[PDB]
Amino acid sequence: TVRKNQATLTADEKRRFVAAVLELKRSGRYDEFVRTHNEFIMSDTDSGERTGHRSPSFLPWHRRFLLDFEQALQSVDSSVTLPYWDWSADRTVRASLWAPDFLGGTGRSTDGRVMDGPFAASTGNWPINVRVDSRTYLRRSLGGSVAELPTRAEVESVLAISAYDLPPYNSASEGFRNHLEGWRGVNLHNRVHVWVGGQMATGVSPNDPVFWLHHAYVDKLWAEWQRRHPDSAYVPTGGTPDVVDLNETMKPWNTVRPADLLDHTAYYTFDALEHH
C-alpha cells in the first residue's frame, strides 16, 4: 500500500479514488465515519477522558481511523489508497487538489456552497446528512477565516521538537503532539481545518473528503518526526488517568493500542519519507 502526495496522482488514480469515496457515501458507510469522529470530538475534554483529540492518542487514533477508511475504500476498489495533501506546498486555491476533477473548489460567497467537482450538492451524489444545522450541501471558504496555511518553515519548527507529548497531556501541553495538533504554537493541524472552512471547521469535518488527505499528511508528519527523533517514543507509558497509555487499548475499536500503530510500515509506506 503506498500513500502518495495528491499532487502526483494520475488522472485515472483521481477517478478511482473519487468513485470509491462516492460509493462509500451511497452505501451509507461514509456517514458513519463522520458520526464516529463527531462523537469523539464532542466527548474528548481536557479535564476528562480524551482519546481522539487533545491528547497523546490523537495521532495513533487518527492513524487507525484513516486505516479503517482506507480499508473501506479498498473494499470497493482494491487499487485505491489514501493520498495526502502537503498544505505547506500546495497552499493556494489554485492547487490541483481543488480542481473539478478531484475535490472541487471553494464555496460561493453567499452561502459557502461548493459549486463544482464530484462532491458539489448539485450532482446529487454528496448529501450532508450528519450535521449540526439545516444545511445539506458541502460548504468551504478556502482561506476565509484564517489567511494562511502553515509554511514549511513552520512545520520544520514543530518537527524539531523532541518530546512526543508532555503532562498534562491535553490542549495545554508542550511537545510535538500538541504543536502538530495546533492548540499551542504556530498551529499546524487545527489551522488547516479553519482554513478550509465549511464542514471541515466543525465537529462533522469528515463530511469533506479533504479531511482524509489532511489527516494523511498529519500522519506523514508523525512518521517524519519519528525519523528525526529515533530516541523518542509515545508517552505516557502507563498509569495515566483519562489518557491512553502506550499499551492501553483505544475506543472505539478496543482491540488496538498506540503500541500497535507506531510503525506505519506494517500497514503502508509513503511515496517518499526522509531518512533520519
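All residue numbers are counted from 1 along the displayed sequence. Basically, rigid core = biggest C-alpha set you can superpose within 1.5 Å across the two forms.
J.: Hey, after superposing on the core, which one moves around more in 9 other deposited structures of this protein, 127-135 or 105-113, CA-wise?
T.: Checking 127-135 against 105-113 in 9 other deposited structures of this protein, I find the farther stretch is 127-135.
J.: In the PDB record, does 110-118 or 90-98 carry the higher mean Cα temperature factor?
T.: Here the higher of the two C-alpha B-factor means belongs to 90-98.
J.: For the stretches 192-200 and 168-176, which has the higher mean C-alpha B-factor as given in the deposited record?
T.: For C-alpha atoms only, the mean B-factor is higher in 168-176.
J.: What's the residue among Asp46, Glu70, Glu32, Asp245 with the greatest CA temperature factor in the PDB record?
T.: Reading the PDB entry, the winner on C-alpha B-factor is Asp46.
J.: Tell me which of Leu103, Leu82, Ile128, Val155 tops the list for C-alpha B factor in the record.
T.: Result of the comparison over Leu103, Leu82, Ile128, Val155: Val155.
J.: Splitting the chain's C-alpha B-factors into thirds, which one does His229 fall into?
T.: For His229, the deposited C-alpha B-factor lands in the highest third.
J.: For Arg184, does the deposited CA B-factor place it in the lowest, middle or highest third of the chain?
T.: CA B-factor rank for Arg184: highest third.
J.: For the chain shown, is the CA B-factor of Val132 in the lowest, middle or highest third of its modelled residues?
T.: As the PDB entry reports it, the C-alpha B-factor of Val132 lands in the highest third of its chain.
J.: Can you tell me which third, lowest, middle or highest, the CA B-factor of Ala266 falls into for its chain?
T.: For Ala266, the deposited C-alpha B-factor lands in the highest third.
J.: What third of the chain, by the recorded C-alpha B-factor, contains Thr249?
T.: It falls in the middle third of the chain.
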